[PDB]
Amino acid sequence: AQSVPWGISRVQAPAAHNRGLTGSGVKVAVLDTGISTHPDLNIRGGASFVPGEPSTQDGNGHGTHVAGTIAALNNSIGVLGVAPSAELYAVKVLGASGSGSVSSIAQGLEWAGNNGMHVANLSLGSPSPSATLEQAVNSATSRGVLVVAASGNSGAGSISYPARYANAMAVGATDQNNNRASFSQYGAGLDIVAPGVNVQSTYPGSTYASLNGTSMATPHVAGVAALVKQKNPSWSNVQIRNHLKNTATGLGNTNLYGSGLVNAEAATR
């Protein structure tokens, strides 16, 4: 039996699937702890930038969970991703502790840009600004990648890096009431929000787990960006970003919510 997690229904991904849009032909790089093999995931390739780790296997769980919110297969098991036919690439930039360096994150972004990824999901943050990060987001954006990044989980009124930079689409987290989740960082630079509380998805060891975080909200927006790219193959990263903001359901003040809740039905109309 396949279940549809509440967040997938909340962003109205099933409505876009009924229009025949599933993210087919869209390449999505998940820059995280890796992605492990799972019966409800199909991983196309990837690269590791973690010192002394040649593989893209997930030693943490986080990367595999994020991957399942974007693209868990539409079948008779597990869950269902926002864009279940997207081509997933595992770009391992964080180690087993969930930590990484600005150098591995920046190498991952350069790989995404050099390998023609359409969307790069960064469910990660650095507490401090980094010129290296800004430059790598800008480089990947110039090559055509839409970078989507988590605002962070401190609950503060400023968002983390690289989400704060102009060329990153910053994603905050909502709960089941469509309120901002208490941990979700907000403030200047916030673009959009998506479900980030009790998000069930794929996990290592062929299982499933429920997690909370702006890292869970970010893949919902990366997934809806892949549905828009399938509908509109000639659109640029900037066009997709603006269309996602323009069609989001407003939830209140933009300092707290950006443009509001991502809406895959309205974005694929």
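In case it trips you up, residue 1 is the first one in the sequence shown, and so on.
The mean C-alpha temperature factor is higher for 47 to 55 when 221 to 229 and 47 to 55 are set side by side. In this crystal structure, the stretch out of 125 to 133 and 162 to 170 whose C-alpha atoms carry the higher mean B factor is 125 to 133. Comparing the listed residues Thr214, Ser210, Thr64, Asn237, the entry records the largest Cα B-factor for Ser210.
Per the deposited record, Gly113 carries the highest C-alpha B-factor of all listed residues (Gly113, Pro195, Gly152, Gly81). Looking at the C-alpha B-factors along this chain, the one for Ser101 belongs to the highest third.
When the CA B factors of the chain's modelled residues are split into thirds, the value for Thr33 lands in the lowest one. In the deposited entry, the Cα temperature factor of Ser201 places it in the lowest third of its chain's modelled residues.
Split the chain's modelled residues into thirds by C-alpha temperature factor. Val262 is in the lowest one. Among all modelled residues in this chain, the alpha-carbon of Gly252 has a temperature factor (C-alpha) in the highest third.
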